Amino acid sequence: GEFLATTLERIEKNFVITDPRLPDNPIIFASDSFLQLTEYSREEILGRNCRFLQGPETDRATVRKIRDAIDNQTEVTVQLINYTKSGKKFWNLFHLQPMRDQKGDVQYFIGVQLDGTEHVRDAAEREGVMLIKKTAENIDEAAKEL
């Protein structure tokens, strides 16, 4: 199909990279795993803001937490219900953080999704946050020279 995955998009994790310089802070990179999770083709989602993942049972207070982190240029970790292209629900243990350049300016945002079947707590929450934060750090390394 269109937009063959780059090497970075073949990293075996669900993530996207957005460019806040572009209209509506849209996706510019999306991993193959993210596409498999969400059922979209890459062409379908490039240039779009990630809010298409939200639907009727998505808690809007949790979306506001993400909105506020983006506008304060700071990280956040939350859990919220998201939807695939066909309307299948999944829980998303979600981590966002900015990627800074060598002047400390925000160049991209990185978002990492750990899909699950339930809201998690305790050990499953801790292990999931470990995984998505480590992944975000790895994508920070991977995306620094893009």
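A residue's number is simply how far along the shown sequence it sits, counting from 1.
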> Taking only the CA atoms, which stretch has the higher mean B-factor in the record, 95-103 or 116-124?
Replying inline: 116-124
> By the record's CA B-factor, is residue 11 among the lowest, middle or highest third of residues in the chain?
Replying inline: highest
>> Among the modelled residues of this chain, does the Cα B factor of residue 19 put it in the lowest, middle or highest third?
In response: lowest
> Where does residue 40 sit by CA temperature factor within its chain: lowest, middle or highest third?
Replying inline: highest
> Going by the entry, which third of its chain does the Cα temperature factor of residue 47 land in?
Replying inline: middle
>> What third of the chain does residue 60 rank in for C-alpha temperature factor, lowest, middle or highest?
In response: middle
